[PDB]
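To start, the structure under review is shown below, and the notes come after it.
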Amino acid sequence: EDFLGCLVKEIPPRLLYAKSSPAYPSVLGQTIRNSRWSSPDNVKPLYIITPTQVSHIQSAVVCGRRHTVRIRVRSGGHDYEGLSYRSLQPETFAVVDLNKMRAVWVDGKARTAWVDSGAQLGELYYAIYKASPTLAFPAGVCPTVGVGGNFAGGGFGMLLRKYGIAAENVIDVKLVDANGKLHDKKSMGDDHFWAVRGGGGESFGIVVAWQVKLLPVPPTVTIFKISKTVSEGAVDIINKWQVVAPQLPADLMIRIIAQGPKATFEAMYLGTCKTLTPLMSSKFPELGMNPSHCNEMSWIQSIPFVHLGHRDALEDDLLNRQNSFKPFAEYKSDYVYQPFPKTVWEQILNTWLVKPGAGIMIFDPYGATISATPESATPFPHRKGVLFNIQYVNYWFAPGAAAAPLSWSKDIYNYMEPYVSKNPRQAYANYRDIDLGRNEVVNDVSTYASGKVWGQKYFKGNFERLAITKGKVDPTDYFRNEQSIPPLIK
Ligand SMILES: *Cc1cc2c(nc3c(=O)[nH]c(=O)nc-3n2C[C@H](O)[C@H](O)[C@H](O)COP(=O)(O)OP(=O)(O)OC[C@H]2O[C@@H](n3cnc4c(N)ncnc43)[C@H](O)[C@@H]2O)c(*)c1C
Ligand code: NA
Ligand code: NA
Ligand SMILES: [Xe]
Ligand SMILES: [Xe]
């Protein structure tokens with residue numbers, strides 16, 4: 001009725017979709033990345049708005065405030081729980097979908113760029129490349145991830161040891177707050193600008209665009225991928241890795257992927273084969289690396305190479321909006337501060353990763369720049385002392401095959417509890433996991449006590465400052481979801 005009435009006064013009607021609209025199913029599904037959340041049993045938005053101008057976003061928020069219809073914002077749609085376009089329980093909401101606002105304006109000489117939230121990471125990276133072969137930006141690894149959610153929740157990838165997370169390399173933003181007002185760094189103040197850069201999506205307003213500093217990379221980088229089965233000595237090698245990798249020079253990141261009794265060591269090095277080989281021989285000879293393992297290429301070519309194994313298809317891999325990969329998926333994460341006993345590595349490789357519904361485990365080492373930033377300097381607290389992060393990933397491809405992978409995910413998380421961080425058990429906000437806890441709503445406001453349960457896991461000692469900031473910029477909890485920062489007020 002009147003919410004829609006208000007929208008049509010301010011926004012071109014071709015940018016508005018109701019459930020009855022012919023294109024609604026298509027617009028809704030276009031950036032859903034998880035087949036668990038696309039099916040008809042999921043709660044759907046009442047309306048979808050696809051702005052092309054910032055004034056459309058402002059109008060949508062004003063209308064929502066006036067008619068008390070809450071808005072969930074979607075940029076790339078990768079939210080692991082789908083909270084950008086679905087709710088867990090029946091309720092009325094509109095989705096503001098930013099996929100049409102996708103400009104990237106790079107200033108090569110100043111080494112800065114303005115990037116719309118609706119741009120995907122691959123589009124950002126590709127625009128940086130068109131400006132310079134020796135500039136980069138340290139955000140996620142997956143090209144179809146949206147800038148908006150990736151930066152809001154922190155954002156890290158293969159440059160994290162060198163340059164930290166995306167959010168700490170953001171120098172300004174353009175944001176629409178809960179009253180429809182347009183803000184930048186100057187107008188929003190220290191607290192709000194601190195919170196929005198890593199404090200998770202949705203909670204602190206709709207970010208329209210981000211200004212980033214662009215960072216130097218050499219014209220040639222080197223990648224290798226070396227696998228070790230357990231008979232090839234994987235357990236002893238990974239047991240050494242967990243101590244060595246966090247301490248390596250910042251130019252060298254060695255992550256691990258495991259999906260059975262075999263570990264694949266994937267390395268990105270900001271330099272040439274010529275200097276890498278002696279570094280490896282000196283610091284990590286157990287891996288058995290030699291020049292035949294090296295793949296030299298530009299930074300921009302390393303993005304599809306690391307993620308997909310592709311060397312030959314830059315535009316197709318980075319500029320892709322077909323949305324073809326739509327697994328059913330479950331995810332969990334952990335942080336590790338103390339080395340695992342060799343027996344735990346034996347169990348993970350020989351036992352947990354050879355079970356029905358077993359998934360994939362990805363291990364990213366910290367240390368260096370990401371660990372040098374104080375824990376409270378940004379909302380992202382997983383810094384000093386971190387050896388590595390773990391992501392537990394489960395994919396399946398048929399609707400009725402969820403039981404086994406969901407059970408595995410729960411069981412291995414229980415198994416790992418004694419060896420990972422605790423009090424709280426830390427997790428990465430952008431690896432969203434609703435089983436960590438969800439909000440309770442009382443008198444139409446999310447409660448501080450329910451928020452704290454999962455909030456301390458994502459944000460540790462930063463959670464209370466996030467909530468106090470929330471209370472100042474959005475006391476009525478307009479921008480929320482089931483796992484958004486609750487307001488903490490007078
Ligand atoms: C699907 C997927 C996710 C990945 C992948 N690899 C990652 C990597 O290498 N590094 C990472 O740091 N993260 C990786 N992730 C996780 C993604 O970073 C997260 O899933 C991001 O949150 C996704 O962002 P986006 O694609 O924009 O997802 P949405 O579902 O639109 O939003 C997430 C969340 O944030 C809110 N939000 C969106 N847009 C905005 C704006 N503009 N302002 C404020 N808040 C925003 C949403 O409401 C929602 O709550 C690899 C793959 C394949
Ligand atoms: Na702890
Ligand atoms: Na989940
Ligand atoms: Xe806000
Ligand atoms: Xe969050």
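Letters A, B, ... mark the chains of the structure tokens in the order given; residue numbers begin at 1 per chain; ligand numbers begin at 1, in order shown.
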
* Mind the document's chain letters and residue numbers, and return as JSON, numbers by chain the residues of stretch 394-471 of chain A that DSSP labels alpha helix (DSSP H). => {"A": [403, 404, 405, 406, 407, 408, 409, 410, 411, 412, 413, 414, 415, 416, 448, 449, 450, 451, 452, 453, 454, 455, 456, 457, 458, 459, 463, 464, 465, 466, 467, 468, 469, 470, 471]}

Selection above as a file: N, CA and C atoms, as a short mmCIF file (atom, residue, chain, number, x, y, z; two decimals), in the first residue's frame:
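Once everything was written out, this is again28.cif:
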data_model
loop_
_atom_site.label_atom_id
_atom_site.label_comp_id
_atom_site.auth_asym_id
_atom_site.auth_seq_id
_atom_site.Cartn_x
_atom_site.Cartn_y
_atom_site.Cartn_z
N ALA A 403 21.91 -33.62 4.94
CA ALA A 403 22.04 -34.22 6.25
C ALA A 403 23.50 -34.51 6.59
N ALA A 404 24.20 -35.21 5.70
CA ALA A 404 25.55 -35.65 6.02
C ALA A 404 26.55 -34.48 6.16
N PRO A 405 26.59 -33.56 5.17
CA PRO A 405 27.51 -32.42 5.32
C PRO A 405 27.16 -31.52 6.52
N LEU A 406 25.88 -31.28 6.80
CA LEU A 406 25.53 -30.47 7.96
C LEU A 406 25.97 -31.14 9.25
N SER A 407 25.91 -32.47 9.30
CA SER A 407 26.33 -33.21 10.48
C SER A 407 27.84 -33.16 10.65
N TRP A 408 28.56 -33.31 9.54
CA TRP A 408 30.01 -33.26 9.59
C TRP A 408 30.50 -31.90 10.13
N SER A 409 29.91 -30.84 9.58
CA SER A 409 30.26 -29.48 9.95
C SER A 409 30.12 -29.25 11.46
N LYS A 410 29.00 -29.70 12.01
CA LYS A 410 28.76 -29.63 13.45
C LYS A 410 29.77 -30.48 14.23
N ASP A 411 29.97 -31.73 13.80
CA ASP A 411 30.88 -32.65 14.50
C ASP A 411 32.33 -32.23 14.48
N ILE A 412 32.85 -31.79 13.36
CA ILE A 412 34.26 -31.39 13.38
C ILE A 412 34.42 -30.08 14.20
N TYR A 413 33.40 -29.23 14.23
CA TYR A 413 33.51 -27.99 15.03
C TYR A 413 33.61 -28.37 16.52
N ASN A 414 32.82 -29.36 16.94
CA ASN A 414 32.90 -29.87 18.31
C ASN A 414 34.26 -30.50 18.57
N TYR A 415 34.76 -31.31 17.64
CA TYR A 415 36.08 -31.93 17.81
C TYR A 415 37.21 -30.91 18.00
N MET A 416 37.13 -29.80 17.28
CA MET A 416 38.23 -28.85 17.26
C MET A 416 38.26 -27.91 18.48
N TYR A 448 20.82 -6.18 23.50
CA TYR A 448 22.25 -6.21 23.68
C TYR A 448 22.71 -7.59 24.13
N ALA A 449 21.99 -8.21 25.07
CA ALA A 449 22.43 -9.52 25.60
C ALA A 449 22.44 -10.62 24.53
N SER A 450 21.45 -10.66 23.65
CA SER A 450 21.45 -11.68 22.61
C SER A 450 22.57 -11.40 21.57
N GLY A 451 22.79 -10.13 21.25
CA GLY A 451 23.83 -9.74 20.31
C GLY A 451 25.22 -10.12 20.79
N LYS A 452 25.43 -10.04 22.09
CA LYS A 452 26.75 -10.26 22.66
C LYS A 452 27.22 -11.72 22.48
N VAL A 453 26.28 -12.65 22.41
CA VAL A 453 26.65 -14.07 22.31
C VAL A 453 27.48 -14.35 21.05
N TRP A 454 26.97 -13.97 19.89
CA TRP A 454 27.74 -14.14 18.65
C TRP A 454 28.69 -12.95 18.44
N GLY A 455 28.34 -11.79 18.97
CA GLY A 455 29.09 -10.58 18.68
C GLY A 455 30.48 -10.62 19.24
N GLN A 456 30.64 -11.19 20.43
CA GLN A 456 31.95 -11.36 20.99
C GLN A 456 32.83 -12.34 20.21
N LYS A 457 32.20 -13.25 19.49
CA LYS A 457 32.96 -14.18 18.66
C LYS A 457 33.54 -13.49 17.42
N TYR A 458 32.74 -12.67 16.74
CA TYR A 458 33.22 -11.93 15.58
C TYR A 458 34.15 -10.78 15.95
N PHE A 459 33.87 -10.10 17.06
CA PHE A 459 34.47 -8.79 17.32
C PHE A 459 35.19 -8.68 18.68
N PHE A 463 33.11 -5.40 20.54
CA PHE A 463 31.66 -5.49 20.41
C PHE A 463 30.95 -4.36 21.15
N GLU A 464 31.38 -4.03 22.38
CA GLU A 464 30.64 -3.00 23.13
C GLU A 464 30.74 -1.61 22.44
N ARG A 465 31.91 -1.24 21.94
CA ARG A 465 32.04 0.02 21.22
C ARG A 465 31.17 0.01 19.93
N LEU A 466 31.07 -1.13 19.26
CA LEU A 466 30.20 -1.22 18.08
C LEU A 466 28.76 -0.93 18.48
N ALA A 467 28.32 -1.52 19.58
CA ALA A 467 26.94 -1.38 20.03
C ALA A 467 26.62 0.04 20.51
N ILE A 468 27.57 0.66 21.17
CA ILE A 468 27.37 2.04 21.62
C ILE A 468 27.26 2.95 20.39
N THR A 469 28.12 2.73 19.39
CA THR A 469 28.05 3.46 18.14
C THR A 469 26.70 3.22 17.44
N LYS A 470 26.27 1.96 17.38
CA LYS A 470 24.95 1.63 16.83
C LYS A 470 23.84 2.44 17.54
N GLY A 471 23.93 2.51 18.86
CA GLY A 471 22.94 3.23 19.64
C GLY A 471 22.90 4.71 19.30
#

Please find the residues contacting ligand 2 at a distance of at most 12 Å between atoms, with only C-alpha atoms and all ligand atoms counted, and report them as a short mmCIF file (atom, residue, chain, number, x, y, z; two decimals) with N, CA, C and O atoms, in the first residue's frame.
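Output below, filename part19.cif:
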data_model
loop_
_atom_site.label_atom_id
_atom_site.label_comp_id
_atom_site.auth_asym_id
_atom_site.auth_seq_id
_atom_site.Cartn_x
_atom_site.Cartn_y
_atom_site.Cartn_z
N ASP A 334 37.36 -20.64 12.39
CA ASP A 334 38.08 -20.66 13.66
C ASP A 334 39.37 -19.87 13.54
O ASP A 334 39.88 -19.62 12.45
N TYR A 335 39.90 -19.50 14.69
CA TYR A 335 41.19 -18.86 14.78
C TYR A 335 42.06 -19.68 15.74
O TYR A 335 41.59 -20.16 16.76
N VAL A 336 43.34 -19.78 15.41
CA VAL A 336 44.28 -20.59 16.18
C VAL A 336 45.44 -19.75 16.67
O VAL A 336 46.12 -19.07 15.91
N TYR A 337 45.65 -19.83 17.99
CA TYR A 337 46.70 -19.09 18.68
C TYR A 337 47.86 -20.00 19.18
O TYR A 337 48.99 -19.53 19.34
N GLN A 338 47.55 -21.27 19.45
CA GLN A 338 48.57 -22.25 19.90
C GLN A 338 48.71 -23.42 18.92
O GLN A 338 47.69 -23.97 18.49
N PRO A 381 39.21 -8.05 15.26
CA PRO A 381 40.08 -8.26 16.43
C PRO A 381 41.12 -9.38 16.31
O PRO A 381 41.85 -9.64 17.27
N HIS A 382 41.19 -10.06 15.17
CA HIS A 382 41.92 -11.33 15.06
C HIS A 382 43.31 -11.00 14.56
O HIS A 382 43.58 -11.05 13.36
N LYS A 384 47.20 -9.78 16.76
CA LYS A 384 48.40 -10.26 17.46
C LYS A 384 48.21 -11.67 18.00
O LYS A 384 47.21 -11.99 18.64
N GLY A 385 49.20 -12.52 17.73
CA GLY A 385 49.19 -13.88 18.26
C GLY A 385 48.52 -14.90 17.36
O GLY A 385 48.67 -16.12 17.54
N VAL A 386 47.75 -14.44 16.37
CA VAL A 386 47.08 -15.41 15.52
C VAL A 386 48.11 -16.17 14.68
O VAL A 386 48.91 -15.55 13.96
N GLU A 417 37.16 -27.87 19.23
CA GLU A 417 37.01 -26.89 20.32
C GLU A 417 38.21 -26.75 21.27
O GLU A 417 38.59 -25.63 21.59
N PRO A 418 38.85 -27.86 21.70
CA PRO A 418 39.97 -27.74 22.64
C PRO A 418 41.23 -27.10 22.08
O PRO A 418 42.07 -26.67 22.86
N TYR A 419 41.38 -27.04 20.75
CA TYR A 419 42.65 -26.62 20.15
C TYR A 419 42.63 -25.21 19.52
O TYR A 419 43.68 -24.66 19.16
N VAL A 420 41.44 -24.66 19.35
CA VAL A 420 41.27 -23.32 18.76
C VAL A 420 41.03 -22.26 19.86
O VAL A 420 40.99 -22.60 21.05
N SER A 421 40.85 -20.99 19.47
CA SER A 421 40.62 -19.92 20.43
C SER A 421 39.38 -20.18 21.28
O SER A 421 38.46 -20.91 20.87
N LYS A 422 39.35 -19.60 22.48
CA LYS A 422 38.22 -19.76 23.36
C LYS A 422 38.04 -18.56 24.31
O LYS A 422 38.96 -17.75 24.52
N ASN A 423 36.82 -18.47 24.84
CA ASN A 423 36.43 -17.39 25.77
C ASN A 423 36.78 -16.01 25.27
O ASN A 423 37.54 -15.29 25.90
N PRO A 424 36.25 -15.64 24.09
CA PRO A 424 35.36 -16.41 23.22
C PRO A 424 36.09 -17.22 22.12
O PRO A 424 37.26 -17.02 21.82
N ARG A 425 35.32 -18.13 21.54
CA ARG A 425 35.74 -18.84 20.36
C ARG A 425 35.57 -17.93 19.13
O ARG A 425 34.47 -17.76 18.63
N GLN A 426 36.68 -17.36 18.67
CA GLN A 426 36.67 -16.35 17.61
C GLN A 426 36.27 -16.90 16.24
O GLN A 426 36.50 -18.07 15.95
N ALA A 427 35.62 -16.05 15.45
CA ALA A 427 35.15 -16.39 14.10
C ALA A 427 35.19 -15.12 13.25
O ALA A 427 35.10 -14.02 13.77
N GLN A 456 30.64 -11.19 20.43
CA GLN A 456 31.95 -11.36 20.99
C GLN A 456 32.83 -12.34 20.21
O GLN A 456 34.06 -12.24 20.25
N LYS A 457 32.20 -13.25 19.49
CA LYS A 457 32.96 -14.18 18.66
C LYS A 457 33.54 -13.49 17.42
O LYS A 457 34.71 -13.68 17.10
N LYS A 460 35.11 -9.74 19.48
CA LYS A 460 35.82 -9.83 20.76
C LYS A 460 35.61 -8.54 21.57
O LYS A 460 34.47 -8.16 21.78
N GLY A 461 36.68 -7.86 21.99
CA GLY A 461 36.55 -6.70 22.86
C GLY A 461 36.02 -5.43 22.19
O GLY A 461 35.81 -4.42 22.85
#

Contact check, chain A to ligand 5, at most 9 Å, counting only C-alpha atoms and all ligand atoms, closest pairs as a tab-separated table:
residue	atom	partner	partner_atom_place_in_ligand_line	distance
A:152	CA	ligand 5	1 (Xe)	8.9
A:153	CA	ligand 5	1 (Xe)	7.0
A:198	CA	ligand 5	1 (Xe)	9.0
A:199	CA	ligand 5	1 (Xe)	6.6
A:200	CA	ligand 5	1 (Xe)	4.1
A:201	CA	ligand 5	1 (Xe)	6.0
A:202	CA	ligand 5	1 (Xe)	7.9
A:203	CA	ligand 5	1 (Xe)	7.5
A:429	CA	ligand 5	1 (Xe)	5.4
A:430	CA	ligand 5	1 (Xe)	7.5
A:432	CA	ligand 5	1 (Xe)	7.4
A:454	CA	ligand 5	1 (Xe)	8.7
A:455	CA	ligand 5	1 (Xe)	7.3
A:458	CA	ligand 5	1 (Xe)	7.2
A:459	CA	ligand 5	1 (Xe)	8.7
A:481	CA	ligand 5	1 (Xe)	8.9
A:483	CA	ligand 5	1 (Xe)	5.6
A:484	CA	ligand 5	1 (Xe)	5.0
A:485	CA	ligand 5	1 (Xe)	6.6

* Please identify which residues in stretch 232-391 of chain A DSSP calls strand (DSSP E or B) from the backbone, and express them as JSON, numbers by chain. => {"A": [252, 253, 254, 255, 256, 257, 258, 262, 263, 264, 265, 266, 267, 268, 269, 295, 296, 297, 328, 329, 330, 331, 332, 333, 334, 335, 336, 360, 361, 362, 363, 364, 365, 388, 389, 390, 391]}

File of the preceding selection, N, CA, C and O atoms, as a compact mmCIF listing (two decimals), in the first residue's frame:
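For reference, result_9.txt as written:
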# COMPACT_ATOMS: atom_id res chain seq x y z
N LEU A 252 55.62 -13.10 1.58
CA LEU A 252 55.33 -14.52 1.30
C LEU A 252 54.17 -15.05 2.11
O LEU A 252 54.22 -15.09 3.33
N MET A 253 53.11 -15.45 1.41
CA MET A 253 51.98 -16.11 2.04
C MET A 253 51.85 -17.54 1.57
O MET A 253 51.71 -17.76 0.37
N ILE A 254 51.81 -18.49 2.50
CA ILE A 254 51.59 -19.89 2.15
C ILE A 254 50.36 -20.42 2.85
O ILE A 254 50.39 -20.67 4.05
N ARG A 255 49.27 -20.60 2.11
CA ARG A 255 48.08 -21.14 2.71
C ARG A 255 47.98 -22.62 2.37
O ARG A 255 48.74 -23.11 1.53
N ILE A 256 47.08 -23.32 3.05
CA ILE A 256 46.85 -24.76 2.86
C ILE A 256 45.40 -25.02 2.56
O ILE A 256 44.51 -24.46 3.21
N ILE A 257 45.16 -25.88 1.58
CA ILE A 257 43.86 -26.47 1.37
C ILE A 257 43.95 -27.98 1.57
O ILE A 257 44.87 -28.61 1.05
N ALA A 258 43.00 -28.56 2.30
CA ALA A 258 42.98 -30.00 2.51
C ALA A 258 41.58 -30.53 2.33
O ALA A 258 40.62 -29.93 2.79
N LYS A 262 45.76 -35.40 2.42
CA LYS A 262 46.69 -34.69 1.57
C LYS A 262 46.54 -33.18 1.77
O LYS A 262 45.42 -32.66 1.72
N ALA A 263 47.66 -32.50 1.91
CA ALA A 263 47.67 -31.05 2.08
C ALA A 263 48.30 -30.37 0.88
O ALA A 263 49.40 -30.74 0.46
N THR A 264 47.61 -29.38 0.32
CA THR A 264 48.14 -28.57 -0.77
C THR A 264 48.54 -27.21 -0.28
O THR A 264 47.70 -26.45 0.21
N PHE A 265 49.83 -26.92 -0.42
CA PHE A 265 50.45 -25.68 0.00
C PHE A 265 50.45 -24.73 -1.17
O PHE A 265 51.10 -24.99 -2.19
N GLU A 266 49.68 -23.65 -1.05
CA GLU A 266 49.53 -22.67 -2.12
C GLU A 266 50.15 -21.36 -1.70
O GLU A 266 49.71 -20.72 -0.74
N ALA A 267 51.14 -20.93 -2.45
CA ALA A 267 51.94 -19.79 -2.06
C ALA A 267 51.84 -18.65 -3.06
O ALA A 267 51.82 -18.86 -4.27
N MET A 268 51.78 -17.45 -2.52
CA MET A 268 51.89 -16.24 -3.29
C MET A 268 53.06 -15.49 -2.76
O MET A 268 53.14 -15.22 -1.56
N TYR A 269 53.96 -15.10 -3.66
CA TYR A 269 55.17 -14.41 -3.28
C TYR A 269 55.36 -13.15 -4.09
O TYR A 269 55.32 -13.18 -5.32
N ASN A 295 55.51 -20.34 -10.78
CA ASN A 295 54.74 -19.77 -11.87
C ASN A 295 54.77 -18.27 -11.75
O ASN A 295 54.10 -17.70 -10.87
N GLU A 296 55.55 -17.62 -12.60
CA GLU A 296 55.69 -16.18 -12.56
C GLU A 296 54.62 -15.55 -13.42
O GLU A 296 54.29 -16.06 -14.50
N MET A 297 54.07 -14.44 -12.94
CA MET A 297 53.00 -13.79 -13.65
C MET A 297 52.75 -12.42 -13.02
O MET A 297 53.39 -12.08 -12.04
N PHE A 328 24.73 -25.83 -2.88
CA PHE A 328 24.21 -25.80 -1.54
C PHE A 328 25.46 -25.72 -0.68
O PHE A 328 26.38 -26.50 -0.90
N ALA A 329 25.51 -24.78 0.27
CA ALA A 329 26.74 -24.61 1.04
C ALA A 329 26.53 -24.25 2.53
O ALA A 329 25.61 -23.53 2.90
N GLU A 330 27.46 -24.77 3.33
CA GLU A 330 27.57 -24.53 4.76
C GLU A 330 29.01 -24.15 5.05
O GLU A 330 29.94 -24.70 4.43
N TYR A 331 29.20 -23.23 6.01
CA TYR A 331 30.52 -22.72 6.36
C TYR A 331 30.69 -22.45 7.86
O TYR A 331 29.75 -22.03 8.53
N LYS A 332 31.90 -22.66 8.35
CA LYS A 332 32.28 -22.33 9.74
C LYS A 332 33.69 -21.79 9.73
O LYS A 332 34.41 -21.95 8.73
N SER A 333 34.11 -21.11 10.80
CA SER A 333 35.50 -20.66 10.87
C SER A 333 36.04 -20.68 12.30
O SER A 333 35.27 -20.74 13.27
N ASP A 334 37.36 -20.64 12.39
CA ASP A 334 38.08 -20.66 13.66
C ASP A 334 39.37 -19.87 13.54
O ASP A 334 39.88 -19.62 12.45
N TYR A 335 39.90 -19.50 14.69
CA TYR A 335 41.19 -18.86 14.78
C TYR A 335 42.06 -19.68 15.74
O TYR A 335 41.59 -20.16 16.76
N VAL A 336 43.34 -19.78 15.41
CA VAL A 336 44.28 -20.59 16.18
C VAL A 336 45.44 -19.75 16.67
O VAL A 336 46.12 -19.07 15.91
N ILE A 360 35.93 -29.29 3.08
CA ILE A 360 37.26 -28.80 2.72
C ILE A 360 37.71 -27.87 3.83
O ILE A 360 36.89 -27.14 4.36
N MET A 361 38.98 -27.93 4.20
CA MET A 361 39.51 -27.03 5.21
C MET A 361 40.59 -26.19 4.60
O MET A 361 41.47 -26.69 3.90
N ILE A 362 40.47 -24.88 4.81
CA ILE A 362 41.42 -23.89 4.28
C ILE A 362 42.10 -23.20 5.45
O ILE A 362 41.41 -22.74 6.38
N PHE A 363 43.43 -23.14 5.42
CA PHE A 363 44.23 -22.60 6.52
C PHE A 363 45.06 -21.41 6.01
O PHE A 363 45.94 -21.58 5.17
N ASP A 364 44.77 -20.21 6.53
CA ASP A 364 45.46 -18.98 6.11
C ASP A 364 46.32 -18.47 7.25
O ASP A 364 45.76 -18.19 8.32
N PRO A 365 47.63 -18.30 7.03
CA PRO A 365 48.51 -17.83 8.10
C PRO A 365 48.47 -16.32 8.27
O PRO A 365 48.37 -15.61 7.27
N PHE A 388 46.99 -18.94 12.53
CA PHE A 388 46.23 -19.07 11.30
C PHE A 388 44.73 -19.11 11.57
O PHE A 388 44.27 -19.36 12.67
N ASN A 389 43.99 -18.81 10.51
CA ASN A 389 42.54 -18.92 10.47
C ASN A 389 42.21 -20.26 9.82
O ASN A 389 42.98 -20.75 8.99
N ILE A 390 41.06 -20.82 10.17
CA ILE A 390 40.50 -21.98 9.49
C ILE A 390 39.14 -21.67 8.93
O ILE A 390 38.29 -21.15 9.64
N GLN A 391 38.91 -22.03 7.67
CA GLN A 391 37.58 -22.02 7.13
C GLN A 391 37.18 -23.46 6.84
O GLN A 391 37.91 -24.16 6.16

* Quick one: residues within 8 Å of stretch 312-325 of chain A, only C-alpha atoms counted, chain neighbours fewer than 5 positions away excluded, as a ChimeraX atom specification? -> /A:30-31,33,121-123,125-126,143-144,301,304

Please save C-alpha atoms of the selected residues as an mmCIF file, in the first residue's frame.
data_model
loop_
_atom_site.group_PDB
_atom_site.id
_atom_site.type_symbol
_atom_site.label_atom_id
_atom_site.label_comp_id
_atom_site.auth_asym_id
_atom_site.auth_seq_id
_atom_site.Cartn_x
_atom_site.Cartn_y
_atom_site.Cartn_z
ATOM 1 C CA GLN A 30 20.486 -12.954 -9.881
ATOM 2 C CA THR A 31 23.092 -12.807 -7.035
ATOM 3 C CA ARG A 33 25.094 -17.770 -4.469
ATOM 4 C CA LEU A 121 35.944 -7.591 -6.526
ATOM 5 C CA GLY A 122 37.028 -8.742 -9.966
ATOM 6 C CA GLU A 123 35.745 -5.492 -11.493
ATOM 7 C CA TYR A 125 40.875 -5.492 -9.543
ATOM 8 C CA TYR A 126 40.497 -5.245 -13.324
ATOM 9 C CA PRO A 143 35.965 -12.319 -8.165
ATOM 10 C CA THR A 144 32.154 -12.298 -7.800
ATOM 11 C CA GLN A 301 46.915 -12.754 -13.516
ATOM 12 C CA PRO A 304 42.243 -16.181 -11.444
#

* Asked: How would you write, as a PyMOL selection string, the set of residues no farther than 6 Å from ligand 1 when counting only C-alpha atoms and all ligand atoms?
  -> chain A and resi 72-80+82-84+117+140-142+145-150+153+155-157+201-202+205-208+430-431

* **Pick from A:479, A:299, A:395, A:85, whichever lies nearest to ligand 4 using only C-alpha atoms and all ligand atoms** =>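 Nearest candidate to ligand 4 out of A:479, A:299, A:395, A:85: A:479.
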
* Asked: Within 9 Å of ligand 4, counting only C-alpha atoms and all ligand atoms, which protein or nucleic acid residues do you find, written as an NGL selection string?
  -> :A and (175-180 or 192 or 202-206 or 470 or 472-475 or 477-479)

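Counting from atom CA of residue A:305, the distance to atom CA of residue A:217 is 16.6 Å.
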